[PDB]
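Under PDB author numbering, the residue at position 260 of the sequence shown is numbered 292, and the numbers go up by one with no gaps. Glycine residues also receive a C-beta, built at the ideal position from the N, C-alpha and C atoms.
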Amino acid sequence: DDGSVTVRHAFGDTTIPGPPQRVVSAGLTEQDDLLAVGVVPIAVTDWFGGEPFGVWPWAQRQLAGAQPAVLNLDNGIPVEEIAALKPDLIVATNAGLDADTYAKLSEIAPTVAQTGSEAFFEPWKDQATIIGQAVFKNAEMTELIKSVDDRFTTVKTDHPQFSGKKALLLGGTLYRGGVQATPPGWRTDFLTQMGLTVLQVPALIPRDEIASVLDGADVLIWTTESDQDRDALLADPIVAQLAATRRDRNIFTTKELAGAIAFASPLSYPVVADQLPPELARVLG
């Protein structure tokens, strides 16, 4: 139709006839893209942290007084619940969507899928861009993406000491005695943009390789969500003998900073640009 918008995604094309009045956020992080441009969803899908409406502090202002339904993915995408919400747009870029489930959601309303072959956690910019298109606010979304990039560029300018310093981004809990890590990729781009060197690392470092891998870094960023989490890591006898532990080069994130890194959104990344550089500066100089 004239006035309509068509977006292209992993399962073909979706046409949105006009600015949507009832948007369902069916994936783990899309609410931040929607809220960034003033589209308040009628449903949000919870991921973690027990936040009100699944909306973390950096997006609460934008939510304001809204009382959206809260969904979850415990038993996959809740198709029947979504149908009952009578949406006119379903955003499911970070929801584990497959072709079958896309077809089912499309019967309910125009549905926005992941752009390529990653059904969860596709590049944040790809997700932001298609959502901005679908809600008729692509100009602002482009600006928001620019704004985030500029924040990290500015961090680099404010902290030239970060240059050439090797960083690892680690999970806040051990898994079967091993360390969880974020391998280089879109998720580590923000660190690279701040001037840091992002070490090659496997997604899981087995217990017998922890010293071998982690002692190669100048700073370790553990995405802890509590004091309980940090003290459990420091209580581990291998972690206790890391060069990073000895030289006080561990960063144990607050819950909000851990959450902000995880969401990697137009609204959450500004929180990372605010709170992470002081922690980096504390340990790197």
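Leaving aside the five residues before and after residue i along the sequence, list all residues of the same chain whose C-beta is less than 7 Å from its C-beta, in chain order.
| i | result |
| --- | --- |
| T224 | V230 |
| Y134 | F43, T143 and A145 |
| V187 | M226, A305 and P309 |
| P73 | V55, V56, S57, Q63, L66 and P100 |
| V233 | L200, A213, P215 and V245 |
| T185 | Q225 |
Assuming residue i and residue j form a contact by the criterion Cβ under 8 Å, report the distance between their Cβ atoms to the nearest whole angstrom.
| i | j | result |
| --- | --- | --- |
| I122 | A141 | 5 Å |
| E62 | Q165 | In fact, because the Cβ distance is near 13 Å, the residues do not count as touching under 8 Å. |
| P49 | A75 | Going by Cβ atoms, the distance from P49 to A75 rounds to 20 Å, so no, they are not a contact pair. |
| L312 | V303 | The Cβ separation is near 15 Å, so there is no contact. |
| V55 | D78 | Actually they are not in contact, since the Cβ atoms of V55 and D78 sit about 16 Å apart, beyond 8 Å. |
| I163 | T125 | 7 Å |
| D247 | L274 | 6 Å |
| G81 | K287 | 7 Å |
| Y301 | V180 | 5 Å |
Quick check on this structure: which residue in the options has the alpha carbon closest to the alpha carbon of residue i?
| i | options | result |
| --- | --- | --- |
| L137 | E154, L265 and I114 | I114 |
| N104 | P310, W88, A199 and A58 | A58 |
| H41 | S149, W88, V71 and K178 | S149 |
| residue 327 | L201, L60 and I109 | The requested residue 327 does not occur in the structure, where the chain is confined to residues 33 to 317. |
| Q94 | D306, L299 and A305 | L299 |
| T220 | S36, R278, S244 and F153 | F153 |
| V315 | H191, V233 and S244 | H191 |
| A243 | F85, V251, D261 and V271 | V271 |
| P89 | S36, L67, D106 and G108 | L67 |
| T255 | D247, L265 and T277 | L265 |
| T205 | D261, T161, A91 and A116 | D261 |
| residue 4 | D263, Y301 and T47 | Any property of residue 4 remains undetermined from this structure, which presents the chain solely from 33 to 317. |
| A292 | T38, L60, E139 and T161 | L60 |
| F194 | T46, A116 and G317 | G317 |
| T147 | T285, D45, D259 and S258 | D45 |
| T161 | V69, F222, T189 and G196 | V69 |
| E83 | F222, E139, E257 and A116 | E257 |
Given residue i, which residues of its chain have a CB within under 6 Å of its CB, disregarding the five upstream and five downstream residues?
| i | result |
| --- | --- |
| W156 | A296 |
| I283 | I253 and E311 |
| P238 | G210 |
| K198 | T229, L231, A249 and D250 |
| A98 | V72 |
| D106 | none |
Any idea what DSSP makes of residue i, helix, strand or coil?
| i | result |
| --- | --- |
| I114 | helix |
| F85 | helix |
| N126 | coil |
| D45 | strand |
| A166 | helix |
| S57 | strand |
| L223 | helix |
| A145 | strand |
| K198 | strand |
| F184 | helix |
| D247 | coil |
| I283 | strand |
| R262 | helix |
| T205 | coil |
| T174 | helix |
| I270 | helix |
| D78 | coil |
| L252 | strand |
| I140 | coil |
| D33 | coil |
| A213 | strand |
| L289 | helix |
| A98 | coil |
Within a Cβ cutoff of 8 Å, which residues of the same chain sit near residue i, ignoring the five residues on either side of it in sequence?
| i | result |
| --- | --- |
| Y207 | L236 |
| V71 | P52, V55, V167 and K169 |
| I109 | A58, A124, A127, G128, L129, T133 and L137 |
| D280 | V315 |
| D120 | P52, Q53, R54, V55, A141 and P142 |
| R183 | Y301, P302 and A305 |
| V37 | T47, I48, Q165, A166 and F168 |
Inset, instruction - Report yes or no: do three or more beta-carbon pairs, one from the segment 202-217 and one from the segment 163-182, lie closer than 8 Å? - result: no
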